[PDB]
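Inspection log for the structure reproduced underneath, given as C-alpha cells.
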Amino acid sequence: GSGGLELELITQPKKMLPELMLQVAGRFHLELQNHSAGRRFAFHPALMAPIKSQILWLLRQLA
Amino acid sequence: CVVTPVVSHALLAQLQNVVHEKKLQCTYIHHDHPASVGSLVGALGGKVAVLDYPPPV
Amino acid sequence: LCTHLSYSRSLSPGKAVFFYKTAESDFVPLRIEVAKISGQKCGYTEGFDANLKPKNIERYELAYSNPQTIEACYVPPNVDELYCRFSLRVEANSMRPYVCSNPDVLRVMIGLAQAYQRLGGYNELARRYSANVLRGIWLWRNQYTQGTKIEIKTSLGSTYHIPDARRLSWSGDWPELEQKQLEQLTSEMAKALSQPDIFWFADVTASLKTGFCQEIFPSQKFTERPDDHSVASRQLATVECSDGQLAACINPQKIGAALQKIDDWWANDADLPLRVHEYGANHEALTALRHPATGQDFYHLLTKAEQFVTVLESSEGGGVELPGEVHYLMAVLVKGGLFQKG
Amino acid sequence: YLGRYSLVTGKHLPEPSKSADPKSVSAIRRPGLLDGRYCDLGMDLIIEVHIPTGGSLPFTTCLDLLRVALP
DNA sequence: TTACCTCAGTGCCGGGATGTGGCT
DNA sequence: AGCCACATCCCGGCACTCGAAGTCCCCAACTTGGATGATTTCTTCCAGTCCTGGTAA
C-alpha cells in the first residue's frame, strides 16, 4: 500500500491478467524492433505462436 | 550485578575547553544553586556545555 | 516493613490532538499563532510598597502601557466541528512489586491483592475510571461547548457512544441507554485491571460543537523568563504530524491527572473527588486533606495490611463491607510510585 | 531503524511529594527542578529470535503472546 | 530557626511400463 | 552373476487458438544596431508580578 498502462494494468486484479496477453505480446515485438539485434526477428511469423503461448502460460501462473 | 554510574571530574572539565576551541556542535545545561553541585559548575556560573549530534532524519 | 518497595504505573494514556475536517481533506490540524500586545500596569508593588505604604511616583506614570508577547489559538471562520482524540492502554500491573527488598513483605502484599480481587472491588475502581472517561472531564477548560459527543472503540470489538456528554454528573443516576453503556464498559476495564495476559487497547475520540471564532486551550509549556523581549512569555504545546506540520495538543500527564480524579473517600464527606495523592493534596486551596497528623495518609495505612487481609479473609464478600481504607490503598497501588523507607 | 525524530523544548514540573515541614504544617513544597532534553520517536525493530527445542511453535497463539509480552 | 553563596500447434494429467543402479 | 526400489517416460486423454478493415511518407527553422538622467527614506512614551536548597551554627 501513475496512469501509464504498464503500471495500471498490473495494479488490477490478477484474474484479469490473462486478457492482456495480446498487448504484452505486441509490446514484446516492439521491444525487439527497437533493439539492434531484434530487427531480424520482430513480428516474424515464425515466432508468433511460441511467444503468445509462453506468455499466456506465464500470465495464468501469475493469476 | 547492579551498576551505579558517576561523572569523571577530569573528563568533563576537558570537554568544556575542547568544544569551544575546536568549534564542535554543542548546547548548555543549567543548574540552580551552582555552589550546591561543585567547583566546576560554580566556576561556569551554572551553565555547562555538552555535545549535540542529532541523526540526519 | 523494608528499605525498598515500589510499583510502576498500571494505566497509561497518549498525547491528544486537535483537528478538523474539510470538504477537500480528512485531517487538517488546528494550529497556534504568536502576537505582540499592550498590557496594563496594575497590581501591588506597581504602586504600593511595604504594607500599603504608597511609593513616590508621578500621576502620569501609571497611564503608560506594558507591552507583552504571547502565543494564542483560535478556531478559524466557518468551521462547524472540532475534533480531539487520544489512545489508552491498560495493564494488570498492580499485582506485583517492581522491586522489594524483603521476602516477608513481598508475600504479604501479594496475599492482599489476591484477597481483594475475589471479593469484588476491581468493579468499584473500574466504575469510577469509566465514569470519568464518558463524562468528558479530560477536556479541562474546553468543556464549554454547544454540544459534546463521545465515541470509544476497543480491541475486543465493542463500541460506545454518548449522544451528549454535557449533563453526566459525578453523583446521580444516568439516563437510560447511557447508564447501560457504563455498565458494559465497566466490565471490560475491571478485567483489564486485574487479569493478566489480556491485551486491551482503547481509542477515544470526541467532537465539540463551537462558536464562530472560539478560543481553544491546549497545554502550556514550563519556561524560563526570556531576556530578549522578542520571545514569548506564554508558550503552548504542539505535536508534529506525519506530514511535518505542527498542531495544538494536550500532554499525556494532563489527560492522566483527569482520569484518576476519583477520591471522594476522605473525612466521610464526599464533596468533590480529589486526584489520588499519598497526602491528599488539594491544589485549589493549596493544602492537604490527609495530613500525617491525622493518621489518614497512605504511610500509616500501609502498615495495617495484616489486619486488612485478616478481615478480607474472614468476610463473606459480594456485599458492601469493604472499608474506605482498603479501597484507598488499592487506588494508590494503581498509581504506582516509590514507597520506600518503611 | 529511524523514521521520525522530533526534539521537544522545555522541562517537566515535579509532583509536590514533599511536605514544607514534617509536623504541624498544612503547606506542600516542590522537591526541586532539573534541566533535561526529550524527544518523540518513530522506529521499527528487527529481532533475531532463536528457539533451542527441535520442535517450534509457529502459531497464531504465539503471535498473541508476542503482542502481550511487549513492554 | 537562620545566613550564605554563584557568571495445425501449445499446456496439464492419468497410468501402466521400460529400463537402470546397488546389495547379496 | 542374480534380485530388488525407484526414478522417469510415452500413449491415450483433455483443453485451448478465435469473431471481425486499414488512419502518410520527406527536407529546411534569420541576419545588424542601441536599455536614461536628479532629488529625497519619520517623530513621542512604555518593556509585570509569585511559588519550586543543603548544611551547619
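Going through the C-alpha cells in order, the chains are called A, B, and so on, while each chain numbers its residues from 1 and the ligands are numbered from 1 in the order shown.
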**Q.** Exercise: residue B:48 partners within 12 Å, only C-alpha atoms (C1' of nucleotides), chain neighbours under 3 positions left out, as a ChimeraX atom specification
**A.** /B:12-17,19-20,26-32,34,37-38,40-45,51 /D:35 /E:7
Q: Show me which bits of chain C are within 7 Å of chain F, counting only C-alpha atoms (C1' of nucleotides), as JSON, numbers by chain.
A: {"C": [64, 65, 66, 67]}
Q: Would you please give, as an NGL selection string, all residues of chain D that DSSP assigns to alpha helix (DSSP H) based on the backbone?
A: :D and (60-68)
All residues 12 Å or closer to residue F:13, only C-alpha atoms (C1' of nucleotides), same chain fewer than 3 positions away omitted, as a PDB file with N, CA, C and O atoms (P, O5', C5', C4', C3', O3' and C1' of nucleotides), in the first residue's frame:
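Written file, around-v7.pdb:
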```pdb
ATOM      1  P    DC E  12       2.423 -26.799 -18.023  1.00  0.00           P
ATOM      2  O5'  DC E  12       0.978 -27.224 -17.484  1.00  0.00           O
ATOM      3  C5'  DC E  12       0.822 -28.407 -16.718  1.00  0.00           C
ATOM      4  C4'  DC E  12      -0.647 -28.687 -16.463  1.00  0.00           C
ATOM      5  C3'  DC E  12      -0.923 -29.917 -15.613  1.00  0.00           C
ATOM      6  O3'  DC E  12      -2.116 -29.735 -14.867  1.00  0.00           O
ATOM      7  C1'  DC E  12      -1.769 -30.268 -17.793  1.00  0.00           C
ATOM      8  P    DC E  13      -2.324 -30.523 -13.483  1.00  0.00           P
ATOM      9  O5'  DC E  13      -2.653 -32.019 -13.942  1.00  0.00           O
ATOM     10  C5'  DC E  13      -3.781 -32.268 -14.770  1.00  0.00           C
ATOM     11  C4'  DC E  13      -3.958 -33.753 -15.023  1.00  0.00           C
ATOM     12  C3'  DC E  13      -3.069 -34.675 -14.178  1.00  0.00           C
ATOM     13  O3'  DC E  13      -3.863 -35.707 -13.619  1.00  0.00           O
ATOM     14  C1'  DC E  13      -2.934 -35.262 -16.446  1.00  0.00           C
ATOM     15  P    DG E  14      -3.311 -36.616 -12.413  1.00  0.00           P
ATOM     16  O5'  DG E  14      -3.666 -38.106 -12.876  1.00  0.00           O
ATOM     17  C5'  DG E  14      -5.023 -38.460 -13.134  1.00  0.00           C
ATOM     18  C4'  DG E  14      -5.113 -39.679 -14.036  1.00  0.00           C
ATOM     19  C3'  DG E  14      -4.401 -40.926 -13.518  1.00  0.00           C
ATOM     20  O3'  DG E  14      -5.193 -42.075 -13.785  1.00  0.00           O
ATOM     21  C1'  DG E  14      -3.550 -40.349 -15.644  1.00  0.00           C
ATOM     22  P    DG E  15      -5.222 -43.302 -12.745  1.00  0.00           P
ATOM     23  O5'  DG E  15      -4.492 -44.480 -13.532  1.00  0.00           O
ATOM     24  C5'  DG E  15      -4.776 -44.695 -14.903  1.00  0.00           C
ATOM     25  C4'  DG E  15      -3.642 -45.454 -15.556  1.00  0.00           C
ATOM     26  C3'  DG E  15      -2.862 -46.362 -14.599  1.00  0.00           C
ATOM     27  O3'  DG E  15      -2.647 -47.624 -15.196  1.00  0.00           O
ATOM     28  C1'  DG E  15      -1.387 -44.955 -15.754  1.00  0.00           C
TER      29       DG E  15
END
```
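If you count only C-alpha atoms (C1' of nucleotides) and ignore residues fewer than 4 places along the chain from residue E:19, what sits within 12 Å of it is residues 6, 7, 8 and 9 of chain F.
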Q. Near chain B, which residues of chain E fall within 12 Å when you count only C-alpha atoms (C1' of nucleotides), and what do they look like as a ChimeraX atom specification?
A. /E:4-7
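The interatomic distance for the pair atom CA of residue C:29 and atom CA of residue C:247 works out to 5.3 Å.
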Test item: residues at most 12 Å from residue A:28, only C-alpha atoms (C1' of nucleotides), excluding those fewer than 4 positions along its chain, as a PDB file with C-alpha atoms, in the first residue's frame:
```pdb
ATOM      1  CA  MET A  21      -1.707 -11.456 -23.447  1.00  0.00           C
ATOM      2  CA  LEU A  22      -2.119  -9.872 -26.870  1.00  0.00           C
ATOM      3  CA  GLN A  23      -0.980  -6.490 -25.538  1.00  0.00           C
ATOM      4  CA  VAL A  24       2.063  -7.942 -23.907  1.00  0.00           C
ATOM      5  CA  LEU A  32      12.641  -6.313 -30.177  1.00  0.00           C
ATOM      6  CA  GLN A  33      12.006  -3.820 -33.026  1.00  0.00           C
ATOM      7  CA  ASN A  34      13.740  -1.154 -31.033  1.00  0.00           C
ATOM      8  CA  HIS A  35      16.776  -3.327 -30.397  1.00  0.00           C
ATOM      9  CA  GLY A  38      15.760  -7.819 -32.681  1.00  0.00           C
ATOM     10  CA  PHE A  41      13.159 -11.211 -35.503  1.00  0.00           C
ATOM     11  CA  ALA A  42      10.398  -8.836 -34.522  1.00  0.00           C
ATOM     12  CA  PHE A  43       6.992  -9.631 -35.992  1.00  0.00           C
ATOM     13  CA  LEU A  47       7.771 -16.621 -33.536  1.00  0.00           C
ATOM     14  CA  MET A  48       4.108 -15.722 -33.266  1.00  0.00           C
ATOM     15  CA  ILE A  51       5.752 -16.146 -27.904  1.00  0.00           C
ATOM     16  CA  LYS A  52       1.999 -15.903 -27.360  1.00  0.00           C
ATOM     17  CA  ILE A  55       3.188 -15.502 -22.287  1.00  0.00           C
TER      18      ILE A  55
END
```
So that each row is one residue of chain F with an atom at most 12 Å from chain B, can you give its shortest atom pair and the distance in Å to one decimal, using only C-alpha atoms (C1' of nucleotides), rows by chain and rising number, as a Markdown table?
```
| residue | atom | partner | partner_atom | distance |
| --- | --- | --- | --- | --- |
| F:52 | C1' | B:32 | CA | 11.0 |
| F:53 | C1' | B:33 | CA | 7.5 |
| F:54 | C1' | B:36 | CA | 7.0 |
| F:55 | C1' | B:36 | CA | 9.8 |
```
Can you write out the residues you just picked, keeping N, CA and C atoms (P, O5', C5', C4', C3', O3' and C1' of nucleotides), as a compact mmCIF listing (two decimals), in the first residue's frame?
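Done, and the output landed in selection_12.txt:
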```txt
# COMPACT_ATOMS: atom_id res chain seq x y z
P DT F 52 9.41 28.64 47.61
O5' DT F 52 10.06 27.53 46.68
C5' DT F 52 9.67 26.20 46.83
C4' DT F 52 9.86 25.46 45.53
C3' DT F 52 11.24 25.49 44.94
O3' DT F 52 12.15 24.66 45.64
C1' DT F 52 9.52 25.50 43.29
P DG F 53 13.60 25.23 46.02
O5' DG F 53 14.44 23.97 46.48
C5' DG F 53 15.04 23.98 47.75
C4' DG F 53 16.36 23.25 47.75
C3' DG F 53 16.68 22.59 49.06
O3' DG F 53 17.65 21.61 48.87
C1' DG F 53 18.03 24.50 48.82
P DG F 54 17.49 20.18 49.56
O5' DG F 54 18.98 19.79 49.98
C5' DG F 54 20.04 20.03 49.08
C4' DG F 54 21.36 20.24 49.82
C3' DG F 54 21.52 19.46 51.11
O3' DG F 54 22.89 19.15 51.27
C1' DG F 54 21.60 21.75 51.60
P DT F 55 23.36 18.11 52.40
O5' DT F 55 24.05 19.04 53.49
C5' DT F 55 25.17 19.82 53.13
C4' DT F 55 25.50 20.79 54.24
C3' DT F 55 25.46 20.18 55.64
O3' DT F 55 26.64 20.48 56.33
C1' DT F 55 24.26 22.18 55.57
```
**Q.** chain D: residues DSSP assigns to strand (DSSP E), reported as a PyMOL selection string
**A.** chain D and resi 2-8+18-19+28-29+38-43
Q | Who sits within 12 Å of residue E:22, only C-alpha atoms (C1' of nucleotides), same chain under 6 positions skipped, as a PyMOL selection string | A | chain F and resi 3-6
Within 9 Å of chain F, which residues of chain D show up? Give each one with its shortest atom-to-atom distance in Å (one decimal) and the two atoms involved, counting only C-alpha atoms (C1' of nucleotides), rows by chain then rising residue number, as CSV.
```
residue,atom,partner,partner_atom,distance
D:13,CA,F:52,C1',8.8
D:14,CA,F:52,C1',8.8
D:29,CA,F:52,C1',6.9
D:30,CA,F:52,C1',4.9
D:31,CA,F:52,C1',7.3
D:32,CA,F:52,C1',6.2
D:33,CA,F:52,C1',7.3
```
Counting only C-alpha atoms (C1' of nucleotides), collect the residues of chain A whose closest atom lies at most 10 Å from chain E, and write them out as a tab-separated table (two decimals) with N, CA and C atoms, in the first residue's frame.
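So out.tsv came out as:
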```tsv
chain	number	residue	atom	x	y	z
A	49	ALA	N	3.24	-17.82	-32.50
A	49	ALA	CA	2.54	-18.69	-31.57
A	49	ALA	C	3.42	-19.04	-30.37
A	50	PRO	N	4.67	-19.35	-30.61
A	50	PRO	CA	5.59	-19.57	-29.49
A	50	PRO	C	5.52	-18.47	-28.44
A	52	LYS	N	3.34	-16.01	-27.92
A	52	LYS	CA	2.00	-15.90	-27.36
A	52	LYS	C	1.65	-17.02	-26.38
A	53	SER	N	2.06	-18.24	-26.70
A	53	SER	CA	1.75	-19.37	-25.84
A	53	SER	C	2.48	-19.30	-24.50
A	54	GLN	N	3.74	-18.89	-24.54
A	54	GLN	CA	4.55	-18.89	-23.33
A	54	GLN	C	4.11	-17.76	-22.42
A	56	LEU	N	1.03	-16.52	-22.40
A	56	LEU	CA	-0.26	-16.93	-21.85
A	56	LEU	C	-0.07	-17.83	-20.63
A	57	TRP	N	0.87	-18.77	-20.73
A	57	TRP	CA	1.22	-19.66	-19.62
A	57	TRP	C	1.65	-18.86	-18.39
```
Q: Find the residues around residue C:77 up to 7 Å (only C-alpha atoms (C1' of nucleotides) counted), leave out those fewer than 2 positions away in its own chain, and share them as a VMD selection string.
A: chain C and resid 75 79 212 to 213
Q: Compile the residues of chain D that lie within 6 Å of chain C, evaluated using only C-alpha atoms, and express the compilation as a ChimeraX atom specification.
A: /D:10,26-27,68
Convert the current residue selection to file output with N, CA and C atoms, as an mmCIF file, in the first residue's frame.
```
data_model
loop_
_atom_site.group_PDB
_atom_site.id
_atom_site.type_symbol
_atom_site.label_atom_id
_atom_site.label_comp_id
_atom_site.auth_asym_id
_atom_site.auth_seq_id
_atom_site.Cartn_x
_atom_site.Cartn_y
_atom_site.Cartn_z
ATOM 1 N N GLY D 10 11.652 22.805 26.579
ATOM 2 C CA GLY D 10 11.154 22.916 27.965
ATOM 3 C C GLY D 10 11.562 21.789 28.897
ATOM 4 N N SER D 26 0.398 22.642 57.088
ATOM 5 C CA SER D 26 -0.560 22.193 56.044
ATOM 6 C C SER D 26 -0.227 22.876 54.712
ATOM 7 N N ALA D 27 1.063 22.910 54.372
ATOM 8 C CA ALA D 27 1.637 23.506 53.145
ATOM 9 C C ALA D 27 2.489 22.437 52.447
ATOM 10 N N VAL D 68 1.296 -9.410 23.824
ATOM 11 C CA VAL D 68 1.102 -9.276 25.280
ATOM 12 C C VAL D 68 2.415 -8.994 26.003
#
```
Q: Restrict the distance test to only C-alpha atoms, flag each residue of chain D within 8 Å of chain B, and return the flagged residues as a VMD selection string.
A: chain D and resid 2 to 5 33 to 36
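The space separating atom CA of residue C:134 from atom CA of residue C:262 comes to 13.7 Å.
Across the structure, atom CA of residue C:312 and atom CA of residue C:269 are spaced 24.4 Å apart.
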